[PDB]
Amino acid sequence: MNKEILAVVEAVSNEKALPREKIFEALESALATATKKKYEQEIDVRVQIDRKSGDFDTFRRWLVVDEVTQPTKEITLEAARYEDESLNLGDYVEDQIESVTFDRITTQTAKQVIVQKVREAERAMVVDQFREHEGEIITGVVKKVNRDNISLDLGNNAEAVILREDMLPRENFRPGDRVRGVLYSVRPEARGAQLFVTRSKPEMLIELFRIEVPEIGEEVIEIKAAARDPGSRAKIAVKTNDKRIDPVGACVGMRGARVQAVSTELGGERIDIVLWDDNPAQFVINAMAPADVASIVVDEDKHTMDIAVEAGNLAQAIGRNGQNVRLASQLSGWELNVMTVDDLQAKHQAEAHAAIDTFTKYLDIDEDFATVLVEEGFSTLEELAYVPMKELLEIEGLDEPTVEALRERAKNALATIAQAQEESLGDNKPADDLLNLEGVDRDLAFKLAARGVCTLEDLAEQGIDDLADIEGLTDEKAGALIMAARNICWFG
Amino acid sequence: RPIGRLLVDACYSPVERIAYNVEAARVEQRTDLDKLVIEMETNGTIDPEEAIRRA
Amino acid sequence: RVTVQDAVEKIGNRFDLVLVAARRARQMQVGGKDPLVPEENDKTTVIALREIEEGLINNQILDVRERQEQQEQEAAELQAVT
Amino acid sequence: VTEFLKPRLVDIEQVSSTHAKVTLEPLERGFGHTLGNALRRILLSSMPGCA
Amino acid sequence: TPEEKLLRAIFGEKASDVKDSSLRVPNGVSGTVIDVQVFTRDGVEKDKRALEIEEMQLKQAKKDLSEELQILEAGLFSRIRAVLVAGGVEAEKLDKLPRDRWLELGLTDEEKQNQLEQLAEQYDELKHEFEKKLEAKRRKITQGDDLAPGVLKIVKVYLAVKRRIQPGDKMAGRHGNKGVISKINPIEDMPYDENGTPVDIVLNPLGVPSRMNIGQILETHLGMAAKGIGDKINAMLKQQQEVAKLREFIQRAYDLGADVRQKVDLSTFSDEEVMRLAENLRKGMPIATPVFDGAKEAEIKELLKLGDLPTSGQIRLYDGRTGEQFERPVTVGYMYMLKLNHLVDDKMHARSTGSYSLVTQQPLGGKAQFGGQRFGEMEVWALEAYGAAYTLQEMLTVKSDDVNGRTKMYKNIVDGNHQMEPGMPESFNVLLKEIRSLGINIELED
Amino acid sequence: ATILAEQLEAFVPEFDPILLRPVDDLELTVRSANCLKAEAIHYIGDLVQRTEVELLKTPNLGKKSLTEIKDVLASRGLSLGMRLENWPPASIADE
Amino acid sequence: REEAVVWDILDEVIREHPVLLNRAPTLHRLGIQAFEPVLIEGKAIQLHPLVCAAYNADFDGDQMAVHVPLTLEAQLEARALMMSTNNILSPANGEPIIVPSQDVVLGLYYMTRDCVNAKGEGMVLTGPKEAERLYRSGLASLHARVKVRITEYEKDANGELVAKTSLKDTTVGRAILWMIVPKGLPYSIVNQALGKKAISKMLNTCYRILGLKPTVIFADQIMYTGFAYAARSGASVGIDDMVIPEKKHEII
DNA sequence: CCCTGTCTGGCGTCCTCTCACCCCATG
DNA sequence: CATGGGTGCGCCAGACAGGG
Ligand SMILES: [Mg+2]
């Protein structure tokens, strides 16, 4: 009876490595809840278990509050202090109440609350101790297969889930099968599956390589990037600081044994291992393997790279359904345009001709001088307007007066182009002039400007009949806007 | 809900016996017209014109 | 459904009707096969006799389809192995 | 107390031509007969026409 | 569990593995608890409600015997007042003194003082008798009762159901015209007549020429005659008519016949009994018809002529649905019909899966025991007579006897797979054990 | 239906009146009602102006009677410490 | 608890699931027949009247047992062997066992009969539809002899129904009952007075010619029109209906 | 042994619904 | 306490005597 409480507390404390205090607090809450259910009225109840005897006293708790909303469970601070002057806001006032007999009903409630406390203590500490597993490749047994997810048993009442998107496209699991996967997220669904496991994401590939390649687990080789088409093909980029170690050779292993072990675990996924380079162009050449790259052109402003290949290698460089270029682009972070050497030259000739036409049209220069600007690397009016004067003065035949005139023309061309578009639609010119009339939204200003009504004066000159076809403009609203425009233009 | 209430059955019905007797009409010079004479039998809780109006 | 007269007109024994319709309803209920006639949320028994009345099911066609869809499963297994 | 089950013609299964079958639900535990009898007696004679 | 054995910690007793469970009762009947009896074998502690019933019955018997003494003492004092009307009467002096001394007043040795002495003997007998009988009645209430071997207390509770009527009860007249009441129509659908009143019950005419009980039609016509006289009394009384016209009509309705036995006259009822006799006749006039010396046809006709009913007994009746007349006028009247206690919510029963018998694993029999209907031998013959073979196999292996077969069946039904795993009847194994328990060696070959 | 329907167209600021009630109408325990009467609290409008801290100073008013008063006031949508401007109305000042 | 959602569940499982009704003294095989349930507010099994002549079941306090075919082969045996539409001939002979018993033959015998004068004596009618229209409106009587024009379908070819239309000197009730007869039977099956032997051989000739399904639907239409016109008949029994012979006392 | 009288056995409708009561006796 | 100590049914039918 008495000594049995101590023996139970000691057995549970030792078996679940849990603080005795946390078990008692929970038993007190369990007994309070079991007591509340025996009364027809909603009462507040505190239970206190004596830590030496295992005896327990049950109260009618009265949550000491400032304002009473529930007179059956709450008492004012003034009324609580009339019974005991030591009470504060948030304390409990008690009332001698018959403790519930410990029948198999309370026993079952106590068992359930202990089990729940162990899930939030023993199992929580087990998950904390398995900080590596929360991130590394956990191993589970398939408990249940549904259409949209697989429930894994990890042991110790821990359940994990693999979602349909987190599976490989050709995997078929049965109840009782062993499955490995990366624990990529821990949420708070204690009841059910709080653990989310992936086999499809790139982290599964990284951690399989960490286990299979000791040199990655020892931090001698680093995986810098991983790009993956799950169950089909992946690319990994590897670097080492030790010049004595070939990082690609280490990840492949003797006759490919290491990469084949990882591929086999991923259902026969093809894995390319590439050397990481700190030069983006050299890294993209490596990422494009097994296709040979002839030339690369880098557009830093668009964050894009044009990759020229021999006409025989084009199909290999793109890969089946663009898989090779897509995985290389995801691995590099660059947008990759794969074309032939002939197509790249034709593209550059078309861009050079478009730049020459743009410069000839807007800068009032001859085609010979526009060609020199494009040969010196200028492709946009913005570059010519904003580039440091020193770079323009390095061009053979440019003097300081001609560079100043060229920049002034480039700035004037940009201003004209911007103003034209803003007046054609409702970007700035019609979004201020035509939109001056109170009531003009940006959409209506662009609809007006599409009819050639670009200014508040143009609107003041219109009739209601001239605007009647504008979708969303009633004759009354047209008349109000024309009158508002006339009041500002003619009577302001 | 308490033990002291007593529930009787509820016959919410004011009328007892409704008998119509159709008969020939002569007030109007036009013949082949009919008169509908309805003798109801109320228990006093319903006015007869109110009964025929609700019906 | 009221009478089963034409389901005996097409299977003359009136006892083989029960075997063929039971085999058909066991294929439709637990095995998860689609009915060959569009239903009206009838139970699987009436859908079985309704397929019998169309003529598209009797014991000959059921043996033909079980042999072909057993040979298909073993052919899929053999082409998966070799 | 004056709130009854207001009915409606859920379907008009007009069988073939010059023939319909109009079903009306739901009525009270006794109003099917009074509407059937009223419509039956009126259609029979009251309804006018030429012949 | 540790928490189940921790009953001793917070409380005591022992362990909680023991199945805690309160004897709760089954369904099928409503009611209102009208009377509770509690009997206690002597020695057992009476609880608070048994002491409440003991105080209640002590109080009832105390009040009842005290009212016996008070009522018989009131009759005795009324006798004393009736005796002292003459012979030394005191008109004012009688109620000045308390009432228990009505004997020592001025009166000589006569029959009256002798009678007051005899009433004093009776009164003192009632006093000492009331003392000893109240002591004996407290003994009868307070004592225990001899009961069954090993029972503490018996609680008896009286539910009082009120069963109305429904489609399925059995009603019948007094001539053999039985019948299950089949539809409880609304008021409007009933065939009414050209006065307005709906008929209550519509029987079937075709039961008369085959089942030759022609007496029910004469009973119907004479009942309509009786109610015609009752309606004429109700009409002559609802109009607040003086007693002369009521006397006239009641006398004409009581003469009305051949040489008969009754021969009453209302000239010796004195104008107040005739109103109360008409208060009792207004719901109909009762008519005696002795067994083999009864009312002939012409007397029924002459009594139907006294009321203004049609002579042939048949009123033309309209319809409730169509509102148009039934051709060939029909017979209405009053028949005296009885409800029989073969009700329908005492016969109706249904069983999915209940308890099973012990010696042969088949369901129990009856309704109080929640049982299943006997699929008897002739029904087995009637299913052999069709070609139904699987229906009979599950009708005597799966649904009835084989225990593993029926648990497989219950799992298969709640999972949607209609399929039976047959097995063997367990009662056939009982047949093997009973034949094998003789010197006979029955087996199962192969 | 048109014929049959045409053949039938000739037939077819001190709260409110609750503040003016006496405290006895609140169904309070005989203890709570007698404690309020001892402090000259006669109307519900007088009770609603008093704070919980003021009611606890009243002789013989316990924490239990204060909870009863709150639960009863809450059942009527009233709370302790509401300020009524112009209470008591001149209609009550003459009793 | 019997919540509000289990009654829709119940109307889902009852549908297309036959039950075996069984009278307690089952003597022959027609005393176990399989029906489809229709749910009843009540506590009494409602049993179709024609089927009663098979069970020897009156309604004077009788009781019946219901049994549920659990498995799937048993549902199919209840529908395909033991269904009540399948038992329309007694196995002891060739006589139909779904013969109309007592109210319905009175309704027919009052309907198809004649009297020498009624409303609409000897008027001429363009079809059975206006025969029923003249009976309902109140212009003729149910038994009033009349020339109608009926179109009887005689199937004299090899499975082809040939229409022959003619004027039969008949009554109003015989035309109204001709609206219910299926196509292949001749008009002379209703031209007589239709007692009980005549309606039994009517259903028997319908079963021998047109097969099972018109005979089931025609047995139901017989029962419905017999009950309806027996209700319209008002065929009571009185004390005056038993006519004493005037010659009885002189014979005695 | 061939017929005659006797002596014992085997059997007689199906479903249901209540009720009442189940071994003394005693050294 | 624990054990142990009526006399109103009627037919069929075959086996067992019983004459014959
Ligand atoms: Mg019977």
# chains A, B, ... in the order shown; residues from 1 in each chain; ligands from 1

$ residues_near_ligand --ligand "ligand 1" --cutoff "6 Å" --atoms "only C-alpha atoms (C1' of nucleotides) and all ligand atoms" --output "PyMOL selection string"
chain G and resi 57-58+60+62

$ select_by_dssp --residues "range 125-352 of chain E" --states "helix (DSSP H, G or I)" --output "PyMOL selection string"
chain E and resi 125-142+207-210+215-238+243-255+266-268+273-281+297-306

$ interface_residues --of "chain E" --to "chain D" --cutoff "8 Å" --atoms "only C-alpha atoms" --output "PDB file with N, CA, C and O atoms, in the first residue's frame"
ATOM      1  N   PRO E 186     -56.474   7.697 -40.803  1.00  0.00           N
ATOM      2  CA  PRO E 186     -56.866   9.003 -40.253  1.00  0.00           C
ATOM      3  C   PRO E 186     -58.367   9.147 -40.111  1.00  0.00           C
ATOM      4  O   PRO E 186     -59.123   8.244 -40.474  1.00  0.00           O
ATOM      5  N   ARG E 321     -62.124   9.437 -49.143  1.00  0.00           N
ATOM      6  CA  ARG E 321     -61.117   9.817 -50.120  1.00  0.00           C
ATOM      7  C   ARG E 321     -61.737  10.567 -51.285  1.00  0.00           C
ATOM      8  O   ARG E 321     -61.458  11.747 -51.511  1.00  0.00           O
ATOM      9  N   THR E 322     -62.602   9.894 -52.034  1.00  0.00           N
ATOM     10  CA  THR E 322     -63.178  10.484 -53.230  1.00  0.00           C
ATOM     11  C   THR E 322     -64.270  11.485 -52.902  1.00  0.00           C
ATOM     12  O   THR E 322     -64.507  12.414 -53.677  1.00  0.00           O
TER      13      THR E 322
END

$ interface_residues --of "chain H" --to "chain G" --cutoff "12 Å" --atoms "only C-alpha atoms (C1' of nucleotides)" --output "PyMOL selection string"
chain H and resi 13-17

$ residues_around --residues "residue 10 in chain I" --least-positions-apart "2" --cutoff "12 Å" --atoms "only C-alpha atoms (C1' of nucleotides)" --output "number ranges by chain"
H: 11-12; I: 12

$ select_by_dssp --residues "range 272-437 of chain E" --states "strand (DSSP E)" --output "VMD selection string"
chain E and resid 314 to 315 330 to 331 338 to 339

$ write_last_selection --atoms "C-alpha atoms" --output "PDB file, in the first residue's frame"
ATOM      1  CA  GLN E 314     -78.529   0.173 -43.856  1.00  0.00           C
ATOM      2  CA  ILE E 315     -77.515   3.809 -44.257  1.00  0.00           C
ATOM      3  CA  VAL E 330     -74.110  -0.451 -46.547  1.00  0.00           C
ATOM      4  CA  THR E 331     -74.699  -1.818 -43.070  1.00  0.00           C
ATOM      5  CA  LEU E 338     -63.045  -6.862 -27.344  1.00  0.00           C
ATOM      6  CA  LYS E 339     -59.295  -6.375 -27.325  1.00  0.00           C
TER       7      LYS E 339
END

$ residues_around --residues "range 286-300 of chain A" --least-positions-apart "6" --cutoff "9 Å" --atoms "only C-alpha atoms (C1' of nucleotides)" --output "PyMOL selection string"
chain A and resi 235-237+272-277+306-310+313-318+324-325+327-329+331-332+340-341

$ write_last_selection --atoms "C-alpha atoms" --output "short mmCIF file (atom, residue, chain, number, x, y, z; two decimals), in the first residue's frame"
data_model
loop_
_atom_site.label_atom_id
_atom_site.label_comp_id
_atom_site.auth_asym_id
_atom_site.auth_seq_id
_atom_site.Cartn_x
_atom_site.Cartn_y
_atom_site.Cartn_z
CA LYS A 235 24.72 14.66 -59.55
CA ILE A 236 26.96 15.40 -56.54
CA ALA A 237 29.76 17.96 -56.37
CA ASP A 272 27.39 11.25 -61.42
CA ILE A 273 30.20 12.51 -59.13
CA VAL A 274 31.80 15.80 -60.26
CA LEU A 275 34.71 17.88 -58.94
CA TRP A 276 33.63 21.15 -57.33
CA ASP A 277 35.53 24.16 -58.74
CA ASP A 306 25.31 29.58 -72.80
CA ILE A 307 27.03 26.20 -73.30
CA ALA A 308 28.27 25.36 -76.80
CA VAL A 309 28.73 21.67 -77.64
CA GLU A 310 29.70 19.77 -80.78
CA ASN A 313 27.31 15.79 -78.22
CA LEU A 314 24.12 18.00 -78.18
CA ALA A 315 21.78 15.06 -77.41
CA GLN A 316 24.11 13.88 -74.56
CA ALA A 317 24.49 17.42 -73.11
CA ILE A 318 20.67 17.92 -72.97
CA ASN A 324 21.35 16.33 -67.79
CA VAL A 325 21.08 20.14 -68.30
CA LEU A 327 20.54 18.51 -62.99
CA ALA A 328 23.62 20.59 -63.97
CA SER A 329 21.57 23.85 -63.61
CA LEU A 331 23.78 21.74 -59.10
CA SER A 332 25.43 25.03 -60.25
CA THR A 340 25.66 23.93 -80.95
CA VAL A 341 28.86 25.94 -81.70
#

$ interface_residues --of "chain E" --to "chain G" --cutoff "7 Å" --atoms "only C-alpha atoms" --output "MDAnalysis selection string"
chainID E and resid 167:168 170 178:180 205 217:218 326:328 330:331 344:345 348 373 378:379 382 385:388 390:391 418:420
